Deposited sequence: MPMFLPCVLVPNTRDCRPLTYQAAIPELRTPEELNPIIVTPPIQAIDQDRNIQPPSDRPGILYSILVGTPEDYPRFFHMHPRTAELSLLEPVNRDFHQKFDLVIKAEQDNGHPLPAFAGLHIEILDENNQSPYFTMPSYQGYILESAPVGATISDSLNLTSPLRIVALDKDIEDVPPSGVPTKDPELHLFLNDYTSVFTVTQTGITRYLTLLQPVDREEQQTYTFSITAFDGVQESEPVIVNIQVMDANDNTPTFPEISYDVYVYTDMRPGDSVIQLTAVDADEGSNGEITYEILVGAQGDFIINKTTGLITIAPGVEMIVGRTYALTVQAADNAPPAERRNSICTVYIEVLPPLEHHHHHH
C-alpha cells in the first residue's frame, strides 16, 4: 500500500515524501486530548487488510507518550507532556499488508508540543516617565529624559512565548496589543515590535495641562497584563509674549510731586513657566530724563534730581520682555502718556 494523499514528484511516478502534522498543549491529559488530530488524516490504500505502526523516531522516548491504533491509525497520548523536557517529536509511521509478503510504505509524523497561552503578559518596568516639548508636532515621539534625545522605550513580554530572565535581553516578538486606558485621543503607541513607543496624535499646550497620567495594558489574545502607570511631562517653550492689560495709559502728574514718587504701576503677564515667563521692564524712549522704571516691578517713578514743569507732556514707550534666551525671547510694548498739572 501507499499513504494518502499521493503527490507526484515532477517528471516521475513516485509520491512525494509525505509528512503528517499534529500539535498538543503541554501538561494536559490523555483523556482531555484523545484522540489527537492529524492533518491530513493518516490513511493508506491498496492499488488485503492494512497495519499501521510507528517504526522509529526522535527523541527515542516517543513510545512513552504515543501509541497508534493499528487498524484505524488513530494516535493516542499516554502521559501529559512537559514542554520543559519535550518540545517536538519526529516519527516514521509505517503501513503494510497483513500478508506475509508486505509492500510497505513510510511517512513522517511531526508532533509539535505547544506552550498554551495561559500566562498574561508583563512590562519589564514598574512605570514609565516620559517627556515632550509643547512645541512638538503631531507624529513626534515621547522621550525618556529632559534632553529629548532618547525615545521612551516600552517593553512588554509573555512567558508563553519566551522566558526571559529578569536581566535578560529578549529575542522573540510576543506579538501583543498595547492599549492606553486614558488620553487615547492625545497619544498613540506603536502597534508592533519588542520595544514599543509613544507619539502625539494632537499637539499639547503646557499652559493647559503640563502632566498626563494614564496606564497602559498589554494583551496576548486571551488575557491582559496588570496596568502600568505612564506619566508624561510637557516641557515649556517660550510661546507667550509678556502682554500689558492696556495699549495706552493716560496719566496726570502734579508739580508738587518729588523724586521717588509713584507715577503708574504697570504689570505685564507672561503665562510661560520658569524664566520664559519671568518679565523685565524698560523705557525704550520718551522719559526725556524725568522718569525711570523698576526693571523687576514695572513701577514708574519720577527720576532723581528732577522738577515737574507745568507745561510739559511726555509719551513713554515702555517694553516688557521675558528672560528667555535672546534667540527665543519675546516682548510687547505699551505707551504711557503723561501731562503735568498744577497741584
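Undergrad: Which residue ranges of the deposited sequence are not present in the modelled coordinates?
TA: Those stretches are 1, 49-58, 355-362, listed in order.
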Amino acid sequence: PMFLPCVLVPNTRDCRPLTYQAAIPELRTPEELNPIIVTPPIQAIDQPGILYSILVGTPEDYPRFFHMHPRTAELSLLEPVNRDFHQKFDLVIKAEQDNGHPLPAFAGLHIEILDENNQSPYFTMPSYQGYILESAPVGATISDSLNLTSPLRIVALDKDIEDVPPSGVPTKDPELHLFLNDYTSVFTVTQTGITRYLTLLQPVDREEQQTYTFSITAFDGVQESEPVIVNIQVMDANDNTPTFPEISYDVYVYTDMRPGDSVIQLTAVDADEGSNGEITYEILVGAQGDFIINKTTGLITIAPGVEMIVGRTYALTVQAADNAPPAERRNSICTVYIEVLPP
From here on, numbers count along this sequence of modelled residues.
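Undergrad: On mean C-alpha B-factor from the PDB entry, just flag whether 125-133 or 89-97 is the higher one.
TA: Higher mean C-alpha B-factor: 89-97.
Undergrad: Compare the mean C-alpha B-factor of 26-34 with that of 314-322 as given in the PDB entry, and name the stretch with the higher value.
TA: Per the deposited B-factors, the answer is 26-34.
Undergrad: Looking at the C-alpha B-factor values in the deposited entry, which of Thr255, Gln210, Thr141, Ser185 comes out highest?
TA: Highest C-alpha B-factor among the listed options: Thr255.
Undergrad: Between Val285, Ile300, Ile279, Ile309, let me know which has the highest C-alpha B-factor in the entry?
TA: Comparing C-alpha B-factors across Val285, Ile300, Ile279, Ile309, the top value belongs to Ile309.
Undergrad: Would the CA B-factor of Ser275 place it in the lowest, middle or highest third of its chain?
TA: Answer is lowest: the recorded C-alpha B-factor places it there.
Undergrad: What third of the chain, by the recorded C-alpha B-factor, contains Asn331?
TA: Answer is lowest: the recorded C-alpha B-factor places it there.
Undergrad: Hey, what third does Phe106 fall into on Cα B-factor, ranked over its chain?
TA: Highest third - that is where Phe106 ends up once the chain's C-alpha B-factors are sorted.
Undergrad: Which third of the chain does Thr243 land in by C-alpha B-factor: lowest, middle or highest?
TA: Lowest third, going by the recorded CA B-factors of the chain.
Undergrad: When the modelled residues of the chain are sorted by Cα temperature factor, does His177 land in the lowest, middle or highest third?
TA: Ranked within chain, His177 CA B lands in the lowest tercile.
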